[PDB]
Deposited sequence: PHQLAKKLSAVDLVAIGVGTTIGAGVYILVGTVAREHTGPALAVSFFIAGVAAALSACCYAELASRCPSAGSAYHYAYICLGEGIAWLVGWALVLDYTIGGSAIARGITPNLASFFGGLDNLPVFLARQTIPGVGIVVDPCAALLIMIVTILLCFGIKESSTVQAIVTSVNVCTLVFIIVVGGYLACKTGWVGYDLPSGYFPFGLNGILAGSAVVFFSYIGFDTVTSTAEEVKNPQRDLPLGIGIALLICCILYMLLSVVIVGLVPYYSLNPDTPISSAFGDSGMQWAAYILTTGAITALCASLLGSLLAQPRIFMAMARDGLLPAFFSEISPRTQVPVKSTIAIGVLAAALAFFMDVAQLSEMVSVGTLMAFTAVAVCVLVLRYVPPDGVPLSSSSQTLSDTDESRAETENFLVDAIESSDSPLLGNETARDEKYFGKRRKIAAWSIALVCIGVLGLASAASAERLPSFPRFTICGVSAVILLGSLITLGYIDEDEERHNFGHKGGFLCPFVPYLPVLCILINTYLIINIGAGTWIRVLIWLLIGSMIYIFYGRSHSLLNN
């Protein structure tokens, strides 16, 4: 039948989430921030980032458990924020996941020239050969990995899920071994590598927040878990538990790595006594570097496998509602999985990784997921207070205006606090007025109690965010600040992409679409 198979399980959701998260996590830990902050400071930065990601994941889990559907943030934005804003959230999410997978593949390929360790096998006709254009600089590269991953995903949800589970379990086991070795070495040397003169957290909460600002994008895997909601047997129970256990395991792993391996990588490289060599002889860091590269590559491969399984679901939801041609809607009669939409997304990601460099792909990815988070936060706020269905008769309108005011005030004060180019004299006025209207709206929102019709939306029961009046607003503030912080380089590209999206929508999607035709 034309129905997705509910063959996935809670353990399989945890595996998907942890793999997708750990890939980006290791990508960041290999980056500049790792050596920017001290070990313990990096760990607490990951802790705060995990707290914020949990603020977002609570809304995700609530909306997924109550009304499970493959549309993910698209489906949610379409119900609360309404149509149109959804097509912009879903389109941005598609671009984000696609460019994440493409960047991961483009980064993996050069390091994967051999089995591990960065060695080169010297292939022929598959190596990177710059296009000899008169004034063209493109450097095409082997993007077959995307084709293999797309074939895997097209082969079913259990088969691809099982392969992802195998890869991510191997990754987690090697990471656990890598942490145990690091801890054993540290205890053998007595943690002498952490005799930091400036002490831990040398820059105060100011740094811990600055570090957590860039370390926040390491927890971007729960949205994919939501995207695969339709495959779960009883999503109401598994999805929230799976997402929670995935953000918990990822946070613990990140803190452990940051305190044992990353915060000491300088120690093992600089100290003349060379404890690694003294503990393992002549081989020394050579085997340690091989093991670290193995762990990083396994994590990146797991996340590459995980990423491209969301976009087909988003496209399926879009086509099912009607904003995309039915070409994306139909599923395989045999594999019970998007095969045409998955193939289209796979060929798109393959082309994007083939042409664009990793340094260029990384400059466009970040914005979509933040918008999805903000949208889902506004969605919990609107579905738990003013659900769009069915003491005061004006309670609905006042609550709606209060939510609009909190949405405006967060923007106002997050752009005031993140805009140092503005003179202080009007900056103070704008931040103060935005803050006071936000506080007043929050007071009004709390004064008006939760609508009891919230017992009706989706299915009864399920998970509900802990602090509905304050937690969603905190998530909105965090995500809006992160969005505004992002530089114009990524904003111009996402703007042109969203413009393309709006073009497609106005030319086809508004004229032909269910609930509007």
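Missing C-alpha coordinates mark just one deposited-sequence interval: 391-435.
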